[PDB]
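S.K.: Coordinates in my_file_35.csv, CSV, C-alpha atoms, are listed below.
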chain,number,residue,atom,x,y,z
T,1105,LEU,CA,-0.9,-22.4,47.2
T,1106,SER,CA,2.7,-21.3,47.5
T,1107,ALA,CA,3.7,-25.0,47.0
T,1108,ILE,CA,1.6,-25.6,43.9
T,1109,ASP,CA,3.3,-25.3,40.4
T,1110,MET,CA,0.3,-23.6,38.7
T,1111,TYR,CA,1.4,-24.4,35.2
T,1112,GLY,CA,-0.3,-27.2,33.2
T,1113,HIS,CA,2.4,-29.5,34.5
T,1114,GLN,CA,1.2,-29.1,38.1
T,1115,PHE,CA,3.5,-31.8,39.4
T,1116,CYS,CA,3.5,-31.0,43.1
T,1117,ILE,CA,3.7,-34.7,43.9
T,1118,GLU,CA,6.4,-34.0,46.6
T,1119,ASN,CA,4.1,-31.6,48.4
T,1120,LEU,CA,1.5,-34.3,48.0
T,1121,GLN,CA,3.6,-36.8,49.8
T,1122,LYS,CA,3.7,-34.4,52.7
T,1123,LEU,CA,-0.1,-34.2,52.3
T,1124,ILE,CA,-0.4,-38.0,52.2
T,1125,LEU,CA,2.0,-38.2,55.1
T,1126,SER,CA,0.2,-35.6,57.0
T,1127,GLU,CA,-0.6,-36.3,60.6
T,1128,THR,CA,-3.4,-33.9,59.9
T,1129,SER,CA,-6.5,-34.8,57.9
T,1130,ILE,CA,-6.8,-32.5,54.9
T,1131,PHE,CA,-10.4,-33.0,54.0
T,1132,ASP,CA,-11.2,-29.9,56.2
T,1133,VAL,CA,-9.9,-26.8,54.4
T,1134,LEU,CA,-8.6,-28.3,51.2
T,1135,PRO,CA,-12.2,-28.4,50.0
T,1136,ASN,CA,-12.7,-24.7,50.4
T,1137,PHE,CA,-10.4,-23.9,47.5
T,1138,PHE,CA,-10.5,-27.1,45.5
T,1139,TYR,CA,-13.7,-25.4,44.0
T,1140,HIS,CA,-11.9,-22.1,43.7
T,1141,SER,CA,-11.6,-20.3,40.4
T,1142,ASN,CA,-8.1,-21.8,39.8
T,1143,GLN,CA,-8.0,-24.7,37.4
T,1144,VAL,CA,-4.8,-26.0,39.1
T,1145,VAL,CA,-6.1,-26.3,42.7
T,1146,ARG,CA,-9.3,-27.7,41.3
T,1147,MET,CA,-7.7,-30.4,39.2
T,1148,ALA,CA,-4.8,-31.3,41.6
T,1149,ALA,CA,-6.8,-31.4,44.8
T,1150,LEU,CA,-9.5,-33.4,43.1
T,1151,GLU,CA,-7.4,-36.3,41.8
T,1152,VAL,CA,-5.4,-36.5,45.0
T,1153,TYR,CA,-8.8,-36.8,46.7
T,1154,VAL,CA,-9.3,-39.8,44.5
T,1155,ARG,CA,-6.0,-41.0,45.7
T,1156,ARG,CA,-7.1,-40.2,49.3
T,1157,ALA,CA,-10.0,-42.7,48.6
T,1158,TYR,CA,-8.1,-45.5,46.8
T,1159,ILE,CA,-5.0,-45.4,48.9
T,1160,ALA,CA,-6.1,-49.1,49.3
T,1161,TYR,CA,-6.5,-49.9,45.5
T,1162,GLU,CA,-4.1,-50.0,42.6
T,1163,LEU,CA,-4.6,-47.2,40.1
T,1164,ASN,CA,-3.4,-48.0,36.6
T,1165,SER,CA,-4.5,-45.0,34.7
T,1166,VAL,CA,-6.0,-41.6,35.5
T,1167,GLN,CA,-6.7,-39.0,32.9
T,1168,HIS,CA,-8.2,-35.6,33.5
T,1169,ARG,CA,-10.9,-34.3,31.2
T,1170,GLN,CA,-11.9,-30.7,31.0
T,1171,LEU,CA,-15.3,-30.5,29.4
T,1172,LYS,CA,-17.9,-28.7,28.1
T,1173,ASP,CA,-16.4,-25.7,29.7
A,1105,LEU,CA,-3.6,-5.8,38.0
A,1106,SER,CA,-4.6,-5.9,41.6
A,1107,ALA,CA,-7.3,-3.4,40.8
A,1108,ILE,CA,-8.6,-5.6,38.0
A,1109,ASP,CA,-11.6,-7.6,39.3
A,1110,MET,CA,-10.5,-11.1,38.0
A,1111,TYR,CA,-13.9,-12.8,37.7
A,1112,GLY,CA,-16.7,-13.0,35.1
A,1113,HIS,CA,-17.9,-9.6,36.3
A,1114,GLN,CA,-14.8,-8.0,34.8
A,1115,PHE,CA,-16.0,-4.4,35.3
A,1116,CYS,CA,-12.9,-2.4,34.6
A,1117,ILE,CA,-15.0,0.2,32.8
A,1118,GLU,CA,-13.8,2.8,35.4
A,1119,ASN,CA,-10.3,1.5,35.2
A,1120,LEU,CA,-10.3,2.1,31.5
A,1121,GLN,CA,-11.1,5.6,32.3
A,1122,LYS,CA,-8.2,5.7,34.7
A,1123,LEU,CA,-6.1,4.4,31.9
A,1124,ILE,CA,-7.4,7.2,29.7
A,1125,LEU,CA,-7.2,9.5,32.8
A,1126,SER,CA,-3.8,8.3,33.9
A,1127,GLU,CA,-1.2,10.7,35.1
A,1128,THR,CA,1.2,7.9,34.2
A,1129,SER,CA,1.3,6.8,30.6
A,1130,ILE,CA,0.1,3.2,30.5
A,1131,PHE,CA,0.8,1.8,27.1
A,1132,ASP,CA,4.3,1.3,28.6
A,1133,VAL,CA,4.0,-1.3,31.4
A,1134,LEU,CA,0.6,-2.9,30.9
A,1135,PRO,CA,1.7,-4.8,27.9
A,1136,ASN,CA,4.5,-6.6,29.8
A,1137,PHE,CA,1.9,-8.3,32.0
A,1138,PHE,CA,-1.2,-8.8,29.8
A,1139,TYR,CA,0.7,-12.1,28.7
A,1140,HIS,CA,1.0,-13.4,32.2
A,1141,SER,CA,-0.3,-16.8,33.2
A,1142,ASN,CA,-3.8,-15.9,34.6
A,1143,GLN,CA,-6.8,-16.3,32.2
A,1144,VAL,CA,-9.5,-14.1,33.7
A,1145,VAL,CA,-7.4,-11.1,34.5
A,1146,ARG,CA,-5.9,-11.8,31.1
A,1147,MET,CA,-9.5,-11.4,29.8
A,1148,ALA,CA,-10.2,-8.2,31.8
A,1149,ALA,CA,-6.9,-6.5,31.3
A,1150,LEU,CA,-6.7,-7.6,27.7
A,1151,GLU,CA,-10.1,-6.4,26.8
A,1152,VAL,CA,-9.3,-3.1,28.4
A,1153,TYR,CA,-6.4,-3.1,26.0
A,1154,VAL,CA,-8.8,-3.7,23.2
A,1155,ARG,CA,-10.9,-0.8,24.5
A,1156,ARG,CA,-7.8,1.4,24.5
A,1157,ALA,CA,-7.1,0.6,20.8
A,1158,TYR,CA,-10.5,0.9,19.2
A,1159,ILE,CA,-12.1,3.4,21.6
A,1160,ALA,CA,-12.2,5.5,18.4
A,1161,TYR,CA,-14.1,3.0,16.3
A,1162,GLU,CA,-17.5,1.5,17.2
A,1163,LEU,CA,-17.5,-1.9,18.7
A,1164,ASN,CA,-20.7,-3.9,18.5
A,1165,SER,CA,-19.6,-7.3,19.8
A,1166,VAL,CA,-16.6,-8.7,21.6
A,1167,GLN,CA,-16.4,-12.3,22.9
A,1168,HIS,CA,-13.5,-13.5,25.0
A,1169,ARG,CA,-12.2,-16.7,23.6
A,1170,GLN,CA,-10.2,-19.4,25.3
A,1171,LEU,CA,-8.1,-21.7,23.2
A,1172,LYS,CA,-6.0,-24.4,22.8
A,1173,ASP,CA,-5.4,-24.1,26.5
What would the structure in this file look like if it were written as structure tokens?

M.R.:
Amino acid sequence: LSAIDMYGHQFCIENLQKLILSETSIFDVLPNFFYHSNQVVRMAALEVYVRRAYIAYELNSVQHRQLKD
Amino acid sequence: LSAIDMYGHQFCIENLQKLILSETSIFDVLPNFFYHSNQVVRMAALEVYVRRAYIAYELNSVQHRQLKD
């Protein structure tokens, strides 16, 4: 939480490479806040989770939507 | 700001009375932060500001809005 930018930018890709080059699996606690009241930990954690799935595939575009509310 | 609930509850009814029963004058410092980055406590703190302006007039409806982003 300290790491995360928490503007709309939310480019904490470097901390993410520590996450993706984590000896530890981060599906354990990461879920408790990625449905926290904080749009940033929601969004970030969620797409990296995608990435934690498709580490195998090639991702050519990923856009976040933010709907109805 | 710590006091402020920061959720949809947003019950700073009592805190508005501490603002209006403040040994400290609080039109001074409160304004510096109600344009901080955090939308719910924004909502709570800000509407208490509303309440501190028109406590004199009669308010029959107040909706928090949430724009562009």

S.K.: How many Å separate atom CA of residue A:1173 from atom CA of residue A:1115?

M.R.: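 Atom-to-atom, atom CA of residue A:1173 and atom CA of residue A:1115 are spaced 24.0 Å apart.
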
S.K.: Using every Cα, in order, as the fitting set, what is the least-squares RMSD of chain A against chain T?

M.R.: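 Chain T versus chain A: RMSD of 1.6 Å.
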
S.K.: At a cut-off of 12 Å, using only C-alpha atoms, what residues contact stretch 1125-1139 of chain A? Leave out same-chain residues fewer than 5 positions from it and give the result as a list in words.

M.R.: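 So, after excluding close chain neighbours, the residues are residues 1105, 1106, 1108, 1118, 1119, 1120, 1144, 1145, 1146, 1147, 1148, 1149, 1150, 1151, 1152, 1153, 1154, 1156 and 1157 of chain A.
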
S.K.: When distances are computed from all atoms listed in the file, which of T:1124, T:1167, T:1114, T:1142 shows the smallest separation from chain A?

M.R.: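 Checking each candidate against chain A, we get T:1142 as the closest.
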
S.K.: What does the structure give for the distance between atom CA of residue T:1160 and atom CA of residue T:1122, in Å to one decimal?

M.R.: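 Computing the Euclidean distance for atom CA of residue T:1160 and atom CA of residue T:1122 yields 18.0 Å.
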
S.K.: Would you kindly report the residues of chain T within 9 Å of chain A, using only C-alpha atoms, as a list in words?

M.R.: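 That gives residues 1110, 1111, 1112, 1141 and 1142 of chain T for chain T.
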
S.K.: For the selection you just gave me, I'd like the residues written to a file as an mmCIF file, in the coordinates of the input, keeping C-alpha atoms.

M.R.:
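Result written to result06.cif:
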data_model
loop_
_atom_site.group_PDB
_atom_site.id
_atom_site.type_symbol
_atom_site.label_atom_id
_atom_site.label_comp_id
_atom_site.auth_asym_id
_atom_site.auth_seq_id
_atom_site.Cartn_x
_atom_site.Cartn_y
_atom_site.Cartn_z
ATOM 1 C CA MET T 1110 0.300 -23.600 38.700
ATOM 2 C CA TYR T 1111 1.400 -24.400 35.200
ATOM 3 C CA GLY T 1112 -0.300 -27.200 33.200
ATOM 4 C CA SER T 1141 -11.600 -20.300 40.400
ATOM 5 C CA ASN T 1142 -8.100 -21.800 39.800
#

S.K.: For atom CA of residue A:1117 and atom CA of residue A:1169, quote the distance in Å rounded to one decimal.

M.R.: 19.4 Å

S.K.: To test the calculation: enclose all listed atoms of stretch 1125-1135 of chain T in a box whose edges run along x, y and z, add 3 Å on each side, then state centre and edge lengths in Å to one decimal, as JSON.

M.R.:
{"center_x": -5.1, "center_y": -32.5, "center_z": 55.3, "size_x": 20.2, "size_y": 17.4, "size_z": 16.6}
